[PDB]
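Values reported hereafter were calculated over all heavy atoms of this structure, with side chains retained and with hydrogens, waters and symmetry mates removed. In what follows, residues are counted from 1 in the order of the sequence shown.
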Amino acid sequence: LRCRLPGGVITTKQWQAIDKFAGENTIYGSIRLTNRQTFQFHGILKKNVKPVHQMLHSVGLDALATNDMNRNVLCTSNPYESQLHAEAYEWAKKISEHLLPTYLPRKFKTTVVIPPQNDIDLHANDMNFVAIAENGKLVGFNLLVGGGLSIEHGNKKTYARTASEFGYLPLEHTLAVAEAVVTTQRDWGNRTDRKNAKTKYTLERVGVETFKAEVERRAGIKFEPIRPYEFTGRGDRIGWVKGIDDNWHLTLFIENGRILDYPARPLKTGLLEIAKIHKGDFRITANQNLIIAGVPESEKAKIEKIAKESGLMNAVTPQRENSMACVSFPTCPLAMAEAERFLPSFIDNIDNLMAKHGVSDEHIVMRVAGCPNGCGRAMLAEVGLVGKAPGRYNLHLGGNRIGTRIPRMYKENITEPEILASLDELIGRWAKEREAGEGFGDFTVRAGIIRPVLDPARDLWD
Ligand code: SRM
Ligand code: SF4
Ligand SMILES: [K+]
């Protein structure tokens, strides 16, 4: 089961309660951070179905209704301009409440984004509010609509799509624009085929300008031109970063977001002990990591000692920090190939390739989905693996670091040794032929290794 938790923000009181439930009332005993900034339990003792909704209520949390088609609303967790988080989080939470129960055809995903960071992967979402600020205060949002990554193997009527720019709106019209987008999707969405009901398909059927025009009419606003924004990356800021005031944020890399006491690495007990002394709250990131947020400088050495000792600060390569996998087996009923349990050893092999070609300090945004529903967001990666059968994946290449391009399929239905043999060849070509600061995804496009995806509804499929 899964929780509503806008922006990933969770208090220490809430953390201790979900930690107790996980340890005592689930089969796996783990807390799993998701890439939509919330958490999951796995294998709830069906003896404890009622107790989980009361445990959650006991600390001020609610679970979504699965008939309810909205999902968790994301918000940039660790903005470089640290003062912007409070206003942005406030709006993510406002949008979240405003869309709580208008029955939708398909599920609906929303984000609040703070440039230059695209950690929340806006182009995977139906509705995106890109924050624009003046003098350290929010003034409004650029609206991008119509992203979604789910596809069906072999079905060229399905496709991943990035999101389309509509225009800028002042802060005052946010809730109105949000509802206008939702109801327009609700009314114009396909009533015959579930598989065609997503906003990306509606937008392609009626045209972007037709959809934008209806949203303007319903919201009683006109869109201003887009105000300038640029993204520089999608990773988390692992380690200490200086927040506002004398506060500090410690971002901890958690492999697969899986929080459990392991031999010599008591990740779950360490976070408990941190929770009990930490003066602030936690932030779950869209990269399945955890921020100890708002640590006063005086408290840094105490927090870091616990995290150090528990294994929560074991150093990993930049590659491993920028790699992700969905849950997949053993718990997902839709899974086709391993993802979570495949990734650690697969990145071991990638680490070796990266060292052998002398690029062990750089990274390739690399992701694995266990099936083409796309939960791992493989369809926005530089290198994406999409599960097809046990041990077999479609290999996609040619996304970019900032997640604004769909990678085209490169090789179909191949095994891990075959994937590694191909990546070895390509990483070597990249190591020697790349220009200054050129990403691997961009390189495969430039070197003619793969043709880019320019208009996915039309040219994703060869
Ligand atoms: C946990 C998570 C992956 C992760 O490793 O973090 C996940 C796990 C599952 N997703 Fe998801 N999805 C997760 C992010 C996503 C995202 C990525 C995102 O939202 O940023 C996508 C792709 C973007 C998109 O929606 O287009 C995604 C698209 C889906 C879909 C396909 C939806 C569609 O439009 O066709 C399904 C299957 C379905 O809905 O029928 C799905 C279904 C599932 C289910 C519930 C499988 C099922 O229907 O029984 C998975 C449960 C596995 C398990 O045992 O835990 N999940 N799923 C993410 C939890 C997020 C959350 O808290 O709400
Ligand atoms: S992508 Fe497929 S396998 Fe991976 S979690 Fe989502 S549904 Fe399960
Ligand atoms: K992670």
Side-chain angles (χ1 to χ4, degrees), residues 76 78-81 113-124 130 162 165 226-242 251 253 285-287 289 315-324 346-367 377-385 395-411 419-456 459:
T76 301
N78 198 4
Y80 288 119
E81 185 168 7
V113 201
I114 307 166
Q117 283 151 107
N118 187 22
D119 46 336
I120 47 73
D121 253 334
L122 77 84
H123 293 281
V130 182
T162 57
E165 286 179 344
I226 283 278
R227 300 195 176 177
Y229 70 98
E230 195 173 347
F231 299 108
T232 58
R234 290 183 284 171
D236 283 345
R237 298 163 73 195
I238 303 309
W240 285 111
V241 314
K242 198 178 187 307
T251 295
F253 167 81
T285 74
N287 296 294
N289 293 317
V316 298
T317 62
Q319 179 59 42
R320 190 169 311 253
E321 299 173 0
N322 288 269
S323 300
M324 184 163 67
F346 179 71
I347 296 310
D348 293 340
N349 298 323
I350 301 295
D351 278 347
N352 292 332
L353 294 185
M354 298 284 277
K356 164 162 91 83
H357 297 290
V359 285
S360 148
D361 292 305
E362 271 144 1
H363 63 277
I364 295 162
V365 180
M366 190 168 292
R367 299 170 173 175
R377 301 207 294 265
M379 293 301 283
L380 287 172
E382 285 183 288
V383 175
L385 279 59
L395 175 61
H396 293 248
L397 300 170
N400 57 25
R401 278 199 179 103
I402 58 179
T404 63
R405 198 168 60 213
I406 307 301
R408 179 179 305 275
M409 188 169 62
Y410 178 62
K411 290 181 182 292
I419 294 162
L420 295 176
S422 187
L423 286 176
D424 187 354
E425 144 205 24
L426 301 177
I427 289 165
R429 272 196 68 189
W430 174 61
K432 294 174 295 107
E433 310 169 352
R434 65 175 171 143
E435 301 163 338
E438 188 179 27
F440 176 81
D442 278 349
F443 169 74
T444 57
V445 175
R446 188 180 52 83
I449 297 173
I450 191 95
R451 285 171 74 254
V453 177
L454 305 167
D455 184 14
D459 81 336

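Taking CD1 from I238 and OG1 from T285, the interatomic distance works out to 7.0 Å, rounded to the nearest 0.5 Å. Taking CZ of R237 as the reference point, atom CG of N289 lies at 13.5 Å (rounded to 0.5 Å). Note that CG of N322 and CG of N287 are 7.5 Å apart. Values are rounded to the nearest 0.5 Å. In this structure, CG on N400 lies 11.5 Å from CD on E438, to the nearest 0.5 angstrom. Separation of atoms NZ (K356) and CG (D424) is listed at 3.5 Å; rounding is to 0.5 Å. Put simply, CG on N352 and NE2 on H357 are 11.0 Å apart, with the number rounded to the nearest 0.5 Å.
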From CA spacing to verdict: side chain to side chain contact (heavy atoms under 4.5 Å, CB included), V453, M379: CA-CA 11 Å; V453 177; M379 293 301 283; over 6 Å; no
Derivation and outcome, side chain to side chain contact (heavy atoms under 4.5 Å, CB included), residues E362 and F440: CA-CA 10 Å; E362 271 144 1; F440 176 81; over 6 Å; no
Show the numbers, then the answer: is there a side chain to side chain contact (heavy atoms under 4.5 Å, CB included) between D459 and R408? CA-CA 9 Å; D459 81 336; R408 179 179 305 275; 3.7 Å; yes
Check against side chain to side chain contact (heavy atoms under 4.5 Å, CB included), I406 and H123: CA-CA 9 Å; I406 307 301; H123 293 281; over 6 Å; no
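Shown here for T232 and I402, the closest heavy-atom pair between the two residues is C-CG2, 3.5 Å. Contact detail for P407 and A378: the closest heavy-atom pair is CG-O, 3.9 Å. Considering every non-hydrogen atom in both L420 and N349, the closest pair reads CD1-ND2, 3.4 Å. Of all non-hydrogen atoms in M366 and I350, the two that sit nearest each other are SD-CG1, 3.9 Å. Between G398 and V445, the closest heavy-atom pair is O-CG2, 4.0 Å. Heavy atoms only, all atoms of each residue included: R446 and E433 are closest at NH2-O, 3.2 Å.
Side-chain atoms of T444 come within 3.5 Å of backbone N or O of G441 as a donor-acceptor pair. For the pair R234 (side chain) and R401 (backbone), a donor-acceptor distance under 3.5 Å is present.
With contacts defined as side-chain heavy-atom distances shorter than 4.5 Å, the pair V383/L397 qualifies. Contact of the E230 side chain with the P115 side chain is not registered, since no non-hydrogen atoms from C-beta on lie closer than 4.5 Å. Counting heavy atoms from C-beta on, the side chains of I449 and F443 come closer than 4.5 Å. In this structure, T162 and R405 have side chains that are not in contact, with every pair of non-hydrogen atoms separated by 4.5 Å or more. Proximity of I347 to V316: side-chain heavy atoms (C-beta onward) are nowhere separated by under 4.5 Å. Between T251 and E321 the shortest side-chain heavy-atom distance does not fall below 4.5 Å. Under the 4.5 Å side-chain criterion, counting only non-hydrogen atoms from C-beta, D351 is in contact with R320.
Residues forming a ring pair (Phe, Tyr, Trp, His ring centres under 6.0 Å) with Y410 (at least two apart in sequence, or on another chain): none. In terms of the side chain to side chain contact (heavy atoms under 4.5 Å, CB included) criterion, residue partners of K242 (sequence neighbours excluded) are, by chain and number, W248. Partners of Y229 under the ring pair (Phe, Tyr, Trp, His ring centres under 6.0 Å) rule, at least two apart in sequence or in another chain, are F231.
The residues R434 and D442 are annotated as not salt-bridged, no charged nitrogen and carboxylate oxygen being separated by less than 4.0 angstrom.
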